[PDB]
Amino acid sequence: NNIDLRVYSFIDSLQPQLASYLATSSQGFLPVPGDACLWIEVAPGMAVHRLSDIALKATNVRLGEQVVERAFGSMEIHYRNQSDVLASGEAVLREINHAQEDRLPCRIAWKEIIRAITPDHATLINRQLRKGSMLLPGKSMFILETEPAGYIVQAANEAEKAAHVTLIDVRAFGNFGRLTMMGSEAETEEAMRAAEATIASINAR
C-alpha cells in the first residue's frame, strides 16, 4: 500500500544473554541462543498484521513480537536457521516494495559508560521493570539510547558478542530503544565500540 519501512535489522545468531533476555521478556514464541532473528518496524502500525501473516506462512519462522504503537508498529521473527528468517524478510520487503536500505538510519541519542555505580543507582534500575540480570554496585555501566528503537537489539547483540559484559535491560519498543549493560570499565568500553560500529554499519546500509 503505502507502508514506510522504518526498521529492518537482522541478527544471524542471537548471543546467549540476549536470547535469554528476549525469551524471558517476550509476549510471543520464544527464541533460544543461536536462532537467527529479524526485527522490523513499519508505518502504519496496523500493517504489522498482514506482514506477520505473510512472513509466517512462507517459512517455518516463528513470531516473537508484534506491537501497534501510535505512529508505527513492530514485529520480530526468529528461527533456528538463518535461511527461513531472510526468506520471510524478503517476502515482507517485496510486499511493501522497499529495499532494506530504505530503512531509517540509527541516531545515537545517548551513549555513556558510568564507572563505580552506587548501590542506590543499581537498586533503582533493578526494581524498575528489570527483566535481565542484576546490575551490581561498583561495576561499570554501558547505557545506550537510539532512535529508532528496533536497532537496539542488534546493537545489544554485537555488544555482548564483542565484550565479556552482562546484559541488564533491553527496551526495544516505543520511539527510543535503550540498552543497559554492566561489566568492568574495560569490558564495557569494548561493548560500546562494537555497538557504535554496529550502528556505523547500519547507517551506511
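Counting begins at 1, following the sequence as shown.
Trainee: Of 66 to 74 and 160 to 168, which one has the bigger average CA B-factor?
Mentor: Mean B over CA atoms: larger for 66 to 74.
Trainee: Between 136 to 144 and 171 to 179, point out the one with the higher average CA B-factor as the PDB entry records it.
Mentor: The entry gives the higher C-alpha B-factor average to 171 to 179.
Trainee: Lowest, middle or highest third: which one holds residue 28 when the chain's residues are ordered by CA B-factor from the entry?
Mentor: CA B-factor rank for residue 28: middle third.
Trainee: Could you tell me which third, lowest, middle or highest, the C-alpha B-factor of residue 54 occupies within its chain?
Mentor: CA B-factor rank for residue 54: middle third.
Trainee: If you rank the chain by CA B-factor, which third does residue 120 end up in: lowest, middle or highest?
Mentor: Ranked within chain, residue 120 CA B lands in the middle tercile.
Trainee: Among the modelled residues of this chain, does the Cα B factor of residue 19 put it in the lowest, middle or highest third?
Mentor: Middle third by C-alpha B-factor.
Trainee: Residue 186: which third of its chain by C-alpha temperature factor?
Mentor: Highest third.
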